[PDB]
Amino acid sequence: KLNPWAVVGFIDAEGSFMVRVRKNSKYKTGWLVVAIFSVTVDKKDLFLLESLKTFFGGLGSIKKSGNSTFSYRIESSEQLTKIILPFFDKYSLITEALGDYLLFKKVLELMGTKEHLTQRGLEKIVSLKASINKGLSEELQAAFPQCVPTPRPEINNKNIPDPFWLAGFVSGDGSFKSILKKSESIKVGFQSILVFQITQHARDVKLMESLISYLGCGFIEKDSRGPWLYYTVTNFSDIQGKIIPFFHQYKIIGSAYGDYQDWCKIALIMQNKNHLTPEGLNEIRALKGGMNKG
């Protein structure tokens, strides 16, 4: 029982829009063109993959991916055009994932009129694929030297469309951190810190910036090493006053919801000042130990 804007928020965090162009001499052009919508998570979130499937009309399938991950995927061109496109055309992505989605859609529209089974459409598809995710492989790059990449979508400053979007997004790219930090001055030897965090690539700077006014707190840290921003809340009265109540009403999805509850329990012990006693520190240690376990 997922809400539409939560699903969009989650796919803004974790979805993959893929176009594969595979060599095969049984096709008249020599290539097979396939579009895939894919969501891949640890098995701990297998129940959220099942909800997603049910949400998307029972379509697609859920399969072992890696050692301990499972993917939900839709690989039918037809089913993609019928269910996925009208969903995201109505409830639009707001990160740079939107750019990949829009180029993915164009490929699908070209597959819909069968233009992919022609030389000219295949070339267009290769140009579209060229600006999606990591771009052309060495194989396609060499087989398609003429194909100029299609300009990436310039979509400007997108607002958070609905608070449920933020719930979904934080479900994928948010962290509810409990830290126990050695302290020379705290009477129990340790500081208990709750940190709320959202991690994104720097190109979505405007979005990340808008979280501060949206949530009425936080600040953006930039990783000194690369293009990575961490929207961060460390002020405990903001945690209590703004973050916890937001997510109480707009609930996180997946097993991360259990983690948020645990984190909430730490805050309670902290609101009571019991984190500054050995017993309270130990409760927090137990809650924390329990986090991220399914």
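From 1 onward, residues are counted along the sequence shown.
According to the PDB record, 23 to 31 carries the higher mean C-alpha B-factor of the two stretches 23 to 31 and 39 to 47. When 259 to 267 is weighed against 66 to 74, 66 to 74 comes out higher, by mean CA B-factor as recorded in the entry. Annotation for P145, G99, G168, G174: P145 ranks highest, by Cα B-factor. Across the residues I94, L85, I179, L117, the deposited record lists the maximum Cα B factor for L117.
Ranked against the other modelled residues of its chain, the C-alpha B-factor of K53 as given in the entry falls in the lowest third. For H248, the recorded CA temperature factor ranks within the middle third of the chain's modelled residues. When the CA B factors of the chain's modelled residues are split into thirds, the value for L287 lands in the middle one. Residue-level temperature factors show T81 in the middle third of its chain, judged at the C-alpha atom. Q197 sits in the lowest third of its chain by CA B factor, as recorded in the PDB entry.
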